[PDB]
Structures are given as structure tokens and as C-alpha cells.
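Order of the sequence lines sets the chain letters (A, B, ...), proteins ahead of strands, with each chain counted from 1. All heavy atoms count here, side chains included; hydrogens, waters and symmetry mates do not.
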Amino acid sequence: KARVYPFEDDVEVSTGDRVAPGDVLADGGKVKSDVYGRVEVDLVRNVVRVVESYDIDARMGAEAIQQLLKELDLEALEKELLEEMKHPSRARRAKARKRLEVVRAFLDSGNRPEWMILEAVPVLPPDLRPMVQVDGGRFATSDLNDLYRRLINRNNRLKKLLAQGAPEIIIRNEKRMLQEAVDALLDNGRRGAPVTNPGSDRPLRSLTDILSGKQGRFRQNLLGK
Amino acid sequence: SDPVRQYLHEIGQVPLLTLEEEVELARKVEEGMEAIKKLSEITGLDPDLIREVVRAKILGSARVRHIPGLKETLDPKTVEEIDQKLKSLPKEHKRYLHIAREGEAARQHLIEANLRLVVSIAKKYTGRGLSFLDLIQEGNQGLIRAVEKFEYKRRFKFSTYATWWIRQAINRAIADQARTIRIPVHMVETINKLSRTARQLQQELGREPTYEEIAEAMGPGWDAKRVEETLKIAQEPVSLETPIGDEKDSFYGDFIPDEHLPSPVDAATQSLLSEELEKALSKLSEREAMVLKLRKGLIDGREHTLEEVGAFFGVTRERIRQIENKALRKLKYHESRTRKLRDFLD
Amino acid sequence: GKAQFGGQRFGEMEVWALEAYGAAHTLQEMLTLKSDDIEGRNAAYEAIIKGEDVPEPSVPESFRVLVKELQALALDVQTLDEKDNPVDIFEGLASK
Amino acid sequence: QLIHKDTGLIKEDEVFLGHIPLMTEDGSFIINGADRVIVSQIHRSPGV
Amino acid sequence: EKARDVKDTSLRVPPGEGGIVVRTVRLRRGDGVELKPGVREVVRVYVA
Amino acid sequence: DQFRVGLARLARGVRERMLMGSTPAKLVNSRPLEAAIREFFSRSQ
Amino acid sequence: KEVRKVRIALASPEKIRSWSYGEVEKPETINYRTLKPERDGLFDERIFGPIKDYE
Amino acid sequence: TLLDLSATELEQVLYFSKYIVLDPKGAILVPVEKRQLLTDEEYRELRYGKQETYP
DNA sequence: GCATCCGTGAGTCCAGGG
DNA sequence: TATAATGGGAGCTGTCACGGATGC
Ligand SMILES: [Mg+2]
């Protein structure tokens, strides 16, 4: 489903370029654009083809979500949910209240919604995740170092893959993997299968595991010692 | 839910190349690279800069980042400027721009069409320290290298050439990433050769080999001590969160004492020492106490030379040496008299 | 552990007992000078072997550890004073 | 024995697989110097 | 007095233990004896 | 049962080397088997 | 001063960068021969501080 | 809760199973409303076009 | 709204560990 | 660096109350 436009001279647009009806294709503007689409200059066939498609902006991942959260106007949404609180239906008042609790928590705290998306991931000081030589010179280390190394390898491979313009499928795989690596660093096993070291079924111990439970930092080292 | 099920689906979306489509895309890639070279000859720009601008337009502004080799930050502004400098060329020159754009589009399509071959190779390198998906991605890097280096004139199929770079990239990844304490690639090769040698020897010996038998089998240059030192260098760390016993009661880390921070006993011994040294030093004159303190570093942490303490007290280096020596003589006389610093000597 | 020349656990319930007696200083010793208040434990040993009284405790190290582990979770945990101004429990050693 | 289906070639060998712990006379094991007992387990029987 | 170059890291009888020494075993490398990489000798003392 | 698990891992290694290669001994790496037995006799409940 | 309250809040990317003393760019930990920390990795003294006091 | 996304929807976006639109730039599939969830096949249609090869 | 169908975190103290 | 090679394996089992999420 494309629209053909033959030319008799130099064309002004190259393959890949995106075009709206009314755009100058070729022949000094003699051939124009009828339909929305994508330019394929066929030199063999001497025609400027235009495959019908919009320049739509639809993203995936935390980048998309981070945009939408940056765009939220909190006061506006609060006004709308207050209007919603005047509804007859009890369930719609319930939903508006639950949303407005979050809205006004961000409003009164001074936090920004988009801060729930990470750009810079913090790195714990190395003495809290040590690499120590035990008696005998052999080495022992925290699981967190392996969780961080996974994250760093996946990020660095993503930066390289972006530099070589890899096809989208490859970047999408890498980005899904980066999200899961951050997720395993922060709360391993929360979403999906837990990350384990090779040759062991034991889940690596993440930052969430360190705080929680009878063995966590709170009950084990702060409420008793 | 299952990320490799998702990725296998996404890959099953793109259909497999016929010989004709294969050759066509490879040809388009080769010719687009030649066109970038010709555009560099014409415009006097940088072939890398041109390749990046053509790529920026083929891919879209969705993916438009900076490149580490480029001397100029690749910003939409600069890619538009370069695209306009290009679009202003005569028809017979601007022909090469369409060539290059066609080449980049073919390149993307050729990679995407051969994503399945990476998976079929990488499923065989599991259990070696890298996740399946991690192997797939490193193999994908190998496949990209292959696409850029392929020559369709040779009439070899693409799969043949791509398997070599894919294996290259998977194995490189395994040897660069598998270990927590990173070991250079050549040393990993030696370690793995040592492993295979040991395994062959056990299979012929019906038990594990000694260091010496391993040394024999590794040939000249290898004695038992070198085998042992290599095995020592190869040891991977163990987890601090390793369970000790059946419950989740305790972990290996629980039993590791901090050897770095001074114990309360050591700190108090150092403090009693400082105080006893100050006490014994007050039995000297201000100058001999001060000369000793400057010369031992008890003041500013460092020990000054005789010339510096002398220039400070306005006196010869020989003079300062002589007053250091009488200060020591006095300290020793008092210490033999009272035995008040002896026990600190261990 | 006896083999590690170990200390006794003063667990959650031992703490509740001291709280219920109102034995506030005894409990503060258990939580600082006697466990993981580093300067506190050093200074208390020194004061005792000198015949002085034990000094006032300061921050236990495991609370510093908790703050750093929350910072790794992307949470900013701030000790304030009554005027809501930050107080640095790390004595400048962690601020650029 | 390794058989290639098309060639008909057959290679045969006795390969060493490692070691299996032996039970001592009294019913126990010696694993890395220390005596050990494998304790029997009770479970629901298979069936319908 | 020159500070020596080695320090005392001997095995001592722990608090609350002791008795009569009844056996010593001495496995040193370079002797049908091979230990894990880097250890030159192990000594074991039995006390009754 | 642990022996059966070790043997299954050994067989996976065998099929792996049956794909990549140009003998029974060459095809057989005993390590997984030895690992499983050891794992049974040391760290089981 | 004296601690009277303890606040907890979301940390912004900029707040996180203000905490950091360096970006960790390499997945390395310590050098396999010297057992010292590798540059730009998870144990780098350049970022996280010296291993020995005042040195 | 903030963006009025369900658990399934937020998963599908976040783990690269569905696209979400920040500007439809006048697209049509009933036209494309902002914050709409399109499968990769749908998004490919709207972004690159429809086509097919027949042997 | 009204039920059902889900995820999830929890389970006294000490000791030693093989 | 070139014959050709194109979608993976693993599960796994005798708890329970409760807050939130999906079908009616
Ligand atoms: Mg030799």
C-alpha cells in the first residue's frame, strides 16, 4: 500500500525521509506529496515511492513512563479528582480517593512523580558489600557485587549497541534485560525468576532482602544486637 | 512473562531470507559503504560522520545519540546541517546519498533477518557463567560485525561467515565476563587448557592427577609449582551469604571478623603509649623534646631531615644531630631508671 | 559463638524487658557502647582501664549502614534537628 | 559405545565416571573424613 | 631494637580447654601427600 | 535419584559435544555426575 | 546539633549524582594478580576512598 | 495509580510487550488517542505501513 | 457490589555447624 | 575471518490469613 510518483529530474528527498501531504518530492517541487508516509527512492524504477504511514510517537519502557510522569500536572489532576469525588457512584469516589491520596502525597511532600524512574542508579559503598580474603587467602564476597556487575555489563553493552545503530529488536531485548537487572539488584525474585549464581539454586541476596524479615537489618541488627 | 519466549516470538516475526533476498541486501550494503566513501571524497567530510548522518536519517530521531569516535557531538542540528550540505549536491553526486540510505536500510534488514542463527548457536554455550539472553546479545554483536565485513562476491552464504564472528563474540564474552575477579583472556585460555589436561589424565588414571602428572602432561615450561600457582590464581570467590546449615539461620559472612579497624584494646594501648611518651618527653628541655618530635614525625606526621629541624631552630645540621643524641641519651637514662615504657615494646 | 570468642545476643525481647523497667541508660549501653558504637566502645574501654566513667554514647554503626543501604534503594533518609535542618551523622566524611 | 548411524562405525570404551561413596559395615558413610548417615524419608506413596 | 619481619601466629589452646597431647599428624608438601593449592603443611594435634 | 540427576546433566553435555565436534571418552565429561553425588552426600538435609 | 527527626523521601537523579563520588564504568572488582582494586570498577579507591588511612 | 494504568498495562509497557503513544501525530487505526496501547504489529502498520510478499 | 481468585510474608529463645 | 549452519528448556506439589485484584 504505497503511492507512486514518477520523476523526471533530481528528487529533493532521500530514502528514509518522512513526508506529509503537501511536501516537495522531486522535479524542483513539480511532484508533491498526496498521502502521509515514508520515502523510498527507487532509482531503478525512477519513481519516488511513498509507503502510507504516520510519524507516530509511541514508545516502550521506563522512558515512555518517565515522559508521561514528567507531563503530569498535579494541581490539574487534583482538581479533576475532586470533581470526581462528587460522583453518585460509590466505586468512582473510591477510585478518585485512592488516586488523590497519591496525588496529594506528591503535592505535600515536594517529591516529583518522575523520580520513581531511575536514571542514575546509586552504588553502595564497598565496605558494606565487601570482598575479603578469609584465613587461607581465599576470597569471599557479597551477592550485591554480582548483581551490580550484571547491571554494568548490560548497560555497557547497551551503550555500545546504540553506538552501532543495532536494529530495534536488539535494542528492545537489551532494554528489557536492563530493566530486569535493575529489578534484581533492588528486589530479586519480586518479578520473575530470581537471579542465581551458576551451579546453585540459591537466589542472590538483593537490597530489599537485606532490610526485611527476622534476618533483616531492622530486627537483627537494630532492634537487638 | 518469560523473556526468552518473548524474544523468540519477536524473532519469529521477521521471515527468513531467500538466497535472492540475501544476496540483494548484502550487495546493497557493500555498495552503500562504497557510496559513503565516494561521498567523503566529494564533500571532504569524515566518512564516519557521513555514515552516522545517513544512519540517523534511516533510523529516525527516535535513536539519535553521540558517537565516541566522532569529533563533533551528533546533534539533530548538526545532522540536519550535514543532510542539507548533502542534499545540495549535483544529481550525479546526490546519487550516492540514495545509495547510502539504501545500504543502511538493507543492513538493518539483514541483521533482523538473521537473528535466529545467533539463538541456535548460543543455546549451546549455556551453563558457562552467562545467562542465555546475555549470550544471545553478545552473539548479536558478532552478527553485526559479520554483516559489516561480509563479501557477497565470494558466493558463500551469509550463515557461514556469520557463525565465525558469532562464536567469536560469544566466547569473548564468556571469557571477559564470567568471573567476578576478571582474568585476562590468554590466562583464561591457559586455565582452561589446564582443566582439559587434568580431565584427560583422570580419564586415563582412574583418579585425580597430582600437580606433577599435570606438569608432565602440560609439557616443557610447566613444573608442579607452576601448575599449583595457576590453580591458585584461578580460584573464584565464594558468597558471603552462603547458608551454614539447614535453616536460614546463619551465613558464612557471620563468622568473618573485621581485621581492619583497631580493637578497643589496641586503641587504648596506643593512647597509653602517646601519653607515656609525652610524660617522658617532658623530662627534656623544650628544644630536645621538640627536636625528637620533629625527627620522629610525632608532630606533623612526617620526620623532617636534620637540615630542616636545624633551619627551624636556627642551628647546624650537626648541632641538631648532637642535640637529638643527647635527648635520646636522657630518655634512655630515665627509662632504665623507671622502666615506664618497656612493656609497650612487645 | 564460643569459638569466635562471641558475645551474647541481646535480642528484641531482652530490649522489651529493659524498656519495661525504664532502664534507659542500661539499654542505650547495650545498643551503642557495647556493640557497634565504634568510638563509644573504644572510649569506654579506655575510661574503665583509667578508672574514669564511661563517656556518652554516639551513633551505632549499623544505623549508618541502614542509611547507606536505603540510599542504594534510591531513598534519601535525613536526620534533621528541631528546626528541620539536616544533621550529618557522617561527620563530613561522605559529603563532597 | 558410539555408533554413527550411516557409517555403521562402532567405537567402544570403558570410561571413568568418578567415585561413588561406599557404605561401611555398620551402615554409615565416610564423607571427607566425617561419618555420616543418610536418614530415610517418609512421603505420600505414588498412586491414585 | 629492630622490629622483626614476622609476627607470632601460633595455634594456642583456647579458653576453657586443655588436657594431655596424645597424637600429632604432620602433612607437609613435597613429602604420597598433596594439599589444596598454596598450603605448604597442615598440622593436627589431638588432646585428651 | 541424585545419581539420575547427575547422569541427566552428563547426557546434556554429551549431546552438546555431539553437535560441536569432528570418542566415548571425548564425549563424556564426568564432572556433573561427580558434582551431584558430592552434593547429595554433603549438603542434603 | 541534636537529631530530633528522621525524614525519608524519593531521591532525584540529581540528588543521587550529588551523593556519588564517581561513576562506576567497569564490572571489574580487584586485579587477579595484585589483589588491588581495578580502575573505574566496584572497589576503586579513586571513587570510594583509600583502603589505608591517609595514604 | 498516578497515570491510571492497570497492572497488566504497566507491565506490558515496562517490559517491552506493547507501545504507548505520547503524540499520535494524526494517526488512524478511529484515530489514535494519546496514551493508547498498540501491539508491535499494530504500531508497525501505523509507523511503517502495510505490505506483503507472495511467492 | 459483590462476591471470587490472586499474590505475599509470617511462624519463641539459645547453641553449633559436619 | 568464508561449505553450511536460522525460535529454549524446566517444571515439582500435605500452610494460612489478608489486602488488593479480577470476573459475575
Ligand atoms: Mg613438565
Please identify each residue that fulfils ring-ring contact (aromatic ring centres under 6.0 Å, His included) with [X], with sequence neighbours left out.
| X | answer |
| --- | --- |
| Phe41(F) | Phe29(D) |
| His9(B) | none |
| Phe158(B) | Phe150(B) |

Sign-based sugar class (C1'-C2'-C3'-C4') of [N]:
| N | value |
| --- | --- |
| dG11(I) | north |
| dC16(J) | south |
| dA15(I) | north |

Practice task
Return the set of residues passing side-chain contact (heavy atoms from CB on, under 4.5 Å) with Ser1(B) (not counting sequence neighbours), or none when no residue passes.
Solution key: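 For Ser1(B) there are no side-chain contact (heavy atoms from CB on, under 4.5 Å) partners, ignoring immediate neighbours.
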When all nucleic acid strands are considered with a 4.0 Å heavy-atom cut-off, which category describes [X]: base, sugar-phosphate, or nothing?
| X | result |
| --- | --- |
| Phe150(B) | base |
| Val119(B) | sugar-phosphate |
| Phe132(B) | sugar-phosphate |
| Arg12(F) | sugar-phosphate |
| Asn32(D) | nothing |
| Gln168(B) | nothing |

Handout entry: DNA chain I contacts among residues 135-148 of chain B, heavy-atom distance under 4.0 Å
Key =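 When residues 135-148 of chain B is checked for heavy atoms under 4.0 Å from DNA chain I, there are no hits whatsoever.
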Exercise for the section: List in chain and number order the residues that pass salt bridge (charged side-chain N to carboxylate O under 4.0 Å, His left out) with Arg4(F), two or more places apart in sequence or in another chain; answer none if no residue qualifies. Expected result: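 Checked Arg4(F) against salt bridge (charged side-chain N to carboxylate O under 4.0 Å, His left out); matches are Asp1(F).
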Give the table of side-chain donor-acceptor pairs shorter than 3.5 Å for residues 10-18 of chain H, with sequence neighbours excluded, one pair per line with atom names and distance.
residue	atom	partner	partner atom	Å
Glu11(H)	OE2	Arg191(A)	NH1	2.5
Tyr15(H)	OH	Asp183(A)	OD2	2.3
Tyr15(H)	OH	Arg191(A)	NE	3.4

Polar pairs (N or O, both sides) under 3.5 Å between protein and nucleotides 3-7 of chain I?
none

Problem - side-chain hydrogen bond (donor to acceptor under 3.5 Å, both in side chains) assessment of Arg150(A) paired with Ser131(B) - result: CA-CA 10 Å; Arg150(A) 264 170 45 104; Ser131(B) 168; 5.6 Å; no
Exercise for the section: Drop me the distance from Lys124(B)'s NZ to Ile170(B)'s CD1, to the nearest 0.5 angstrom. Expected result: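 The CD1 atom of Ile170(B) is 8.5 Å from NZ of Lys124(B), to the nearest 0.5 Å.
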Practice task
Quick one: pull up CG in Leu143(B) and CD in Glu112(B) and give me the separation to the nearest 0.5 Å.
Solution key: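 It is 11.0 Å, given to the nearest 0.5 Å.
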Practice task
Pick the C1' atom in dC12(J) and in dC14(I), then give their distance to the nearest Å.
Solution key: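 Pairwise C1' distance, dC12(J) against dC14(I), rounds to 35 Å.
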Handout entry: Nucleotide range of DNA chain J lying under 4.0 Å from chain B heavy atoms
Key =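 Under 4.0 Å from chain B, the extent on DNA chain J is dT1(J) to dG9(J).
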Problem - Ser120(B) or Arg44(D), whichever maps to the more 5' nucleotide of DNA chain J - result: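 In this pair, the answer is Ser120(B).
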Practice task
Would you kindly compare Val118(B) and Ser6(H) by the position of their nearest DNA chain J nucleotide and give the one closer to the 5′ end?
Solution key: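 Per heavy-atom nearest nucleotide, the more 5' residue is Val118(B).
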Exercise for the section: Just grab all the side chain to side chain donor-acceptor pair (under 3.5 Å) pairs involving residues 143-152 of chain B, residues at least two apart or on different chains. Expected result: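 Qualifying pairs: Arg107(B)-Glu148(B), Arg145(B)-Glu148(B), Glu151(B)-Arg154(B).
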Completion exercise
Contact string for nucleotides 10-18 of chain I, one letter per nucleotide 5' to 3', B = base within protein heavy-atom range under 4.0 Å, S = sugar-phosphate only, - = neither, reads SSSSS-BBS
Quiz: residues 210-219 of chain A side-chain donor-acceptor pairs under 3.5 angstrom, not counting sequence neighbours:
residue	atom	partner	partner atom	Å
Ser212(A)	OG	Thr208(A)	O	3.4
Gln215(A)	OE1	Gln220(A)	NE2	2.9
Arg217(A)	NE	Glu69(C)	OE1	3.1
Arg217(A)	NH1	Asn221(A)	OD1	3.0
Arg217(A)	NH2	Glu69(C)	OE2	2.7
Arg219(A)	NE	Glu12(C)	OE2	3.0

Handout entry: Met33(B), CE atom: more than 12 neighbouring heavy atoms under 6.0 Å
Key =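 It does not: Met33(B) CE has 12 such atoms or fewer within range.
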Exercise for the section: Decide salt bridge (charged side-chain N to carboxylate O under 4.0 Å, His left out) for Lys98(A) and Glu101(A); before the verdict, give the C-alpha distance in whole Å, the side-chain angles of both, and the deciding distance to 0.1 Å. Expected result: CA-CA 5 Å; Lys98(A) 287 164 200 178; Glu101(A) 296 189 342; over 6 Å; no
Handout entry: Contact check, side chains of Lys28(B) and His109(B), non-hydrogen atoms, under 4.5 Å
Key =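 Counting from C-beta outward, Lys28(B) and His109(B) never come under 4.5 Å.
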Practice task
Give a yes or no on whether the neighbouring nucleotides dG9(J) and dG8(J) have stacked bases (ring centres less than 5.5 Å apart, plane angle less than 30°).
Solution key: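 Stacked: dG8(J) and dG9(J) meet both the distance and angle limits.
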